[PDB]
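Have a look at the structure below before the remarks.
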Amino acid sequence: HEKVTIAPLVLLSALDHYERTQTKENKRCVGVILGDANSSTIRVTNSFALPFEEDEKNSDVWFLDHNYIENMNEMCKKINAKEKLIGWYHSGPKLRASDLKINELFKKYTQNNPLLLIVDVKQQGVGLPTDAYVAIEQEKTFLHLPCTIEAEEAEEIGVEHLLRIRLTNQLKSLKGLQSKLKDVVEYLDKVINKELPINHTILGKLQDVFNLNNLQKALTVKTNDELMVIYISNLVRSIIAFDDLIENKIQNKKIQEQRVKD
Amino acid sequence: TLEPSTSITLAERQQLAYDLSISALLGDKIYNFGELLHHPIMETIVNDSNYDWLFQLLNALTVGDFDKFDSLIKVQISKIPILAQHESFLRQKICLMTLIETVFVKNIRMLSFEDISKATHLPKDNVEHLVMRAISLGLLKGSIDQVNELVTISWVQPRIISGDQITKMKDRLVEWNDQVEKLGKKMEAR
Amino acid sequence: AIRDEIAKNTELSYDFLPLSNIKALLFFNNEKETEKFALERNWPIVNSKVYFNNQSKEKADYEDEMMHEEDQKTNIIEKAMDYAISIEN
């Protein structure tokens with residue numbers, strides 16, 4: 001498969017024009033992205049919105065003007081010529097016939113497969129407010145590529161200045177433990193019991209995680225040999241805890257010297 | 001899986017299923033004869049006139065009797081030993097996948113030559129050389145132990161069957177339920 | 001009190017022994033009186049049935065009793081590593 005890398009400038013810029021148009025839940029915003037789709041890692045360095053209009057009672061009604069897209073491509077050649085149209089994004093959680101049929105419309109001006117994006121305006125759950133989806137002609141199915149967030153040296157720190165240890169790092173561990181619990185229980189209970197969907201295609205991938213207390217009890221005897229490195233870490237740390245007494249004993253000379261000067 | 005493409009009559013579906021049946025007789029690849037059950041193949045044919053060979057081999061894997069299927073076939077496919085060799089492989093592949101998650105709830109990975117002997121209806125000498133043939137074909141990865149009479153094999157290839165591992169996937173998460181309390185409260189107290 | 005002392009140690013040290021050593025080493029007089037000590041915890045004397053008299057069984061799965069344990073909880077084991085949190089802060 002391929003990979004997706006989107007800078008944080010593109011993600012937040014897509015959310016701004018959503019509120020600036022006073023778009024409610026009955027309407028959704030659609031836009032296009034720019035970058036280099038030739039390599040295996042899709043990078044999105046730019047984004048632009050579009051005047052998308054849709055009826056809430058009909059999924060077959062949409063408004064898409066390619067003349068604004070043709071003009072947008074001509075306006076970008078005077079700014080950044082290295083950028084080409086790699087696909088298109090859209091807002092809203094729901095996927096209806098409006099966004100599914102237009103995927104072939106952007107294909108005329110896009111050499112690669114248009115990369116579909118769902119931008120969550122409320123940012124509900126985990127990370128990644130925007131998900132990168134790709135479609136296949138062979139049956140069509142929406143698959144998510146390993147979308148990541150990365151930018152340049154000045155772009156990553158630039159948002160840090162605008163926004164501005166061991167126990168805190170362990171807090172995110174428990175959040176990932178409940179992610180394993182809540183994702184499997186809610187999904188597996190939907191396939192079983194009432195309303196069996198067509199499946200056993202996905203089940204092969206699900207049980208592929210469980211084979212390799214989720215992993216292996218056969219290494220329990222060998223685990224004690226793997227735990228030895230943990231016991232070794234306590235060998236030096238016992239002296240490291242005593243190494244704090246080195247400075248603790250040296251600092252005793254300071255206060256003892258203060259009693260002499262006093 | 002494609003309904004609109006390849007539109008043929010009812011009589012041609014049985015001839016197409018006949019080619020699908022004889023193709024899976026000589027190889028174990030791509031699941032087993034039970035793969036065509038969920039696909040619109042075995043349900044579109046008739047259970048008589050030697051079109052039930054796909055259904056007879058479904059229960060023949062658990063029963064492990066070659067004489068039942070050999071009496072319902074002709075001399076064409078019964079004169080080749082490859083049919084009997086690869087049929088016994090699918091019978092073992094079901095048992096080889098019982099080492100991780102099938103029956104045992106504790107996910108303890110163990111297999112003995114005595115358990116596979118009763119499943120494949122073979123003595124202890126034939127099952128030792130039979131496991132090597134299944135590993136050499138690229139089915140599963142692992143080794144065996146002749147000294148302690150043990151077989152250690154992992155699980156790789158998924159199957160089409162369901163309902164055996166459904167209860168355990170939730171039961172393995174029950175052990176995660178009891179782990180939310182002790183480390184959840186003590187970490188927030190720090 | 002003497003017969004409640006010696007045989008405590010016979011658990012780990014002595015693997016097996018017939019009824020001859022029970023009458024001799026422990027100095028028991030009447031037969032079948034040991035059977036009265038054999039009632040509840042099931043003494044087929046043939047090899048080692050002990051742990052009824054002279055303390056108790058070995059049980060298994062010791063957790064959440066006193067100080068540190070083995071199987072289920074790594075937290076109190078981690079608490080020693082987390083003990084420096086309150087000291088440094």
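Labels for the structure tokens follow display order: chains A, B, ..., residues from 1 in each chain, ligands from 1.
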
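All of the residues in chain A within 7 Å of chain B are residues 181, 185, 200, 204, 211, 213, 214, 217 and 218 of chain A, where only C-alpha atoms were counted.
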
Can you list, as an NGL selection string, every residue of segment 144-176 of chain B that DSSP puts in helix (DSSP H, G or I)? :B and (166-176)

List every residue of chain C that has an atom at most 8 Å from any atom of chain B, giving for each one its closest atom pair and the distance in Å to one decimal, counting only C-alpha atoms, sorted by chain and then by ascending residue number, as a tab-separated table.
residue	atom	partner	partner_atom	distance
C:73	CA	B:182	CA	7.9
C:75	CA	B:183	CA	6.3
C:85	CA	B:190	CA	7.4
C:86	CA	B:190	CA	7.8

For chain C versus chain A, which residues have an atom no more than 10 Å away, and what is each residue's nearest atom pair and distance in Å rounded to one decimal, using only C-alpha atoms, chain-then-number order, as a Markdown table?
| residue | atom | partner | partner_atom | distance |
| --- | --- | --- | --- | --- |
| C:81 | CA | A:234 | CA | 9.7 |
| C:82 | CA | A:167 | CA | 8.6 |
| C:84 | CA | A:241 | CA | 9.5 |
| C:85 | CA | A:167 | CA | 8.3 |

Atomic distance atom CA of residue 41 of chain A - atom CA of residue 115 of chain A, expressed in Å with one decimal: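 Separating atom CA of residue 41 of chain A from atom CA of residue 115 of chain A is a distance of 12.0 Å.
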
For a quick check of understanding, using only C-alpha atoms, which of C:87, C:31, C:6, C:41 has the smallest distance to residue 56 of chain C?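 Counting only C-alpha atoms, the residue closest to residue 56 of chain C is C:41.
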
Mind giving me the straight-line distance from atom CA of residue 146 of chain A to atom CA of residue 77 of chain A in Å, one decimal?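 About the pair atom CA of residue 146 of chain A and atom CA of residue 77 of chain A: they are 29.2 Å apart.
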
Atom CA of residue 49 of chain B and atom CA of residue 78 of chain B are how many Å apart? 17.2 Å

Would you pick out the contacts of residue 42 of chain C at 9 Å or less, using only C-alpha atoms, so that residues sharing its chain but fewer than 6 positions from it are not included, and give the list as a list in words? residues 49, 50 and 52 of chain C

Give me the residues near residue 99 of chain A as number ranges by chain, where near means some atom within 8 Å (using only C-alpha atoms) and where sequence neighbours in that chain fewer than 4 positions away do not count. A: 90, 95, 103

Segment 99-181 of chain B: which residues are strand (DSSP E) by DSSP, as a list in words?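 Output for segment 99-181 of chain B, strand (DSSP E) only: residues 142, 143, 144, 145, 150, 151, 152 and 153 of chain B.
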
Given only C-alpha atoms as the basis, pick out the residue of A:221, A:81, A:227, A:4 nearest to residue 116 of chain A.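 Result for the nearest residue to residue 116 of chain A: A:4.
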